[PDB]
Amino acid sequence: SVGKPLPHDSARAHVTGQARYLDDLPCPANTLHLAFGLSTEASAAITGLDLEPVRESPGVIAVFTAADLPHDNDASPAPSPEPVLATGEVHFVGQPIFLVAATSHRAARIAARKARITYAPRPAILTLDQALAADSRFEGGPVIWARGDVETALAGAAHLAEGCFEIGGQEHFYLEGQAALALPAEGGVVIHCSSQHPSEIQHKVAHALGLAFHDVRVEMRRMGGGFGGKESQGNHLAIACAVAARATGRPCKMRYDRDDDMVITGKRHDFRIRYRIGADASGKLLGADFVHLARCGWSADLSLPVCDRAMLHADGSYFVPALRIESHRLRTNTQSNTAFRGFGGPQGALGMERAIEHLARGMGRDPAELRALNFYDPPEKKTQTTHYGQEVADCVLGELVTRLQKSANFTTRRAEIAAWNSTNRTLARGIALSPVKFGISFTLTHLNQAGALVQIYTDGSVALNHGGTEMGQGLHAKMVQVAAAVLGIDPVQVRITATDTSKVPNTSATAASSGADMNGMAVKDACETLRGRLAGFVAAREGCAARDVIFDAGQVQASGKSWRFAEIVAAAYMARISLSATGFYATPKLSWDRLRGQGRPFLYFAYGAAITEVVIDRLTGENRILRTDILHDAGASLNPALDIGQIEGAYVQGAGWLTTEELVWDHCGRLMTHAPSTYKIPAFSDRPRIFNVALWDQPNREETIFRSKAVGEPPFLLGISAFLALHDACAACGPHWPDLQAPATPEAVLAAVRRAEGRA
């Protein structure tokens, strides 16, 4: 039923409160509960560790230290180790030093704080300048890519804008926290956990326990949100439970309390971006010189590919004849930053957007017009390439943006705001349009693979299993629709089973928006092997070619006769044909050199555009989004309803990142914003008062699952339009460049207002 706006696979179960998340699962009466004892120091040696008051705390059954760990003490997804429990020294405020196994979740939590720890404090590395000065970084020096000669182009540039601005991080704030459960099962363990990558959980747990991979099994049914934060951060808990279960003999369960969750786990890499951008007398871009200062935290984690995507997307939506990026992946004594919806992409894009906005303002030109002038060309000379040298033969932005501007009534609205602004002096309106060009595929190429397993039972019903994990993006229904489309049956016949490493092995993470893309094909492959078997069985029985056997609407047709689907399956069963099949997919055409900054890392791009309108308060900096208009390319969408949902959601998260969401550390590396009381994600009323989401409906050029496009991450970047419109609102305060900083909090907005006004 591909293309039909069907609901989410657990929509009713959600609504009835019958959907199980990890902590909802039933487990044996003797299930112990776990909690970490955290470092209160950003950079120190541990001189003394007295865990006596911890052991003597009520209900505590076991206490664990790095020394107690039977094998591996590494949780990082990177080739560089990251201790699960601190090894003689601590690297940030919140680093787990010890593990507590107690008979209740409260007991463990209480016991965790009764620690007696002495430190030998060392100098911390908290700001980017400190790291840059002390050379506290990863990859041994920066990564630099260049196309053409920026310095030459900028030297003879008819127009030029220089600048530099901060972009703050972002805490995921998935509603369900990090959580895992380990069940000892005769020589091996079974892990239930709230993770985006069950195959890596297996890997890390196996090494922790000194077991071969075939002794560890990860089941994962649904997550209460993930957003990238569960791509790796789950490792620490699953290891903790695996290790504690091995020692105590009992099942172990661990879930972070919200304050623990925000202190321990990483966030979105915050960036400082320096830019130099040059233009033509006509307005064509000559060159753009970028410098990325990225905060990676006390550990590698997934920083390497994160900053790689920041660079890859530093072109924005624009052809630049010469471009350079200098990428510093700096290490700081703060939380180890991780994956987050966009995966470094939104930072690189925003750098290009802030720059082109500044350039436009510098030459007194309409930013929309300038961007329009500088998009990549439509399909149908040799094709323009990106700065990393990939052909952009699918760029629809010229046409798309035009459509969106007319439907949103852009030109008229802009004028109407000009008038409104000139009648007001306390409140100012702002409107802006920002485009999206997001590449699709893991930049770590070999991860571009997926698997499926399909069962057809004698009653005609179907069990569908794949490697992708449901974190709320509607992946499961999409797969069901594919499976039902290929077999020629009603979706109701297809039941989704939980994600299981013993069912589909060697899976990648559910990330890079490739979940629907790759797994969709894997499902298709498995079903076509099944449909192929039944067609060939019918064909032989009825005497004819298998390609004449028609599977449609729960009915099979051959030789003018028609059976129900179930009637064929039972027959094929009686005939003795395998009604079980695997499916496998790997993304073709992908090849690039990470170091050289050259090649084709992506299969296709996902495009879109957003027009946002906002209002600001000149006295305080208070602000509201009044209306948004989005036109987004989901290819030939697999589920339009689900796809609208993803855009509405992603946009709000994107916008939220660049407004009320602000991470704050103290002078000691202590995160100050670690509760929902202090961290401010978009509330109900925060939604755009008018919200207009429409899909650009046009098939993919590349051969993807029913010519659809990955809609998972790209719409997150549409939140830039809000930050640009907030800047537009500042531009109508005075003649000066406002230099608005991200996130645009009330304080940040007031600052940029006063700058444009020229008030100290």
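Note that residue numbering begins at 1 and tracks the sequence as displayed.
The modelled chain breaks after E380 and resumes at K381, leaving 10 or more residues of the deposited sequence without coordinates. As listed in the deposited structure, the average C-alpha B-factor of 359 to 367 and of 250 to 258 is greater for 359 to 367. 733 to 741 and 15 to 23 differ in mean CA B-factor, and the higher of the two is recorded for 733 to 741. In the deposited coordinates, the residue among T497, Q405, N337, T332 with the greatest CA B-factor is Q405.
Of all the options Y376, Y573, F213, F584, the entry's greatest CA B-factor is assigned to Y376. The deposited CA B-factor of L49 belongs to the highest third of values across its chain.
Among all modelled residues in its chain, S43 ranks in the middle third by Cα B-factor. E662: CA B factor lies in the middle third for its chain, per the PDB record. In the deposited entry, the Cα temperature factor of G712 places it in the middle third of its chain's modelled residues. Among the modelled residues of its chain, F36 has a C-alpha B-factor that falls in the lowest third, as given in the PDB entry.
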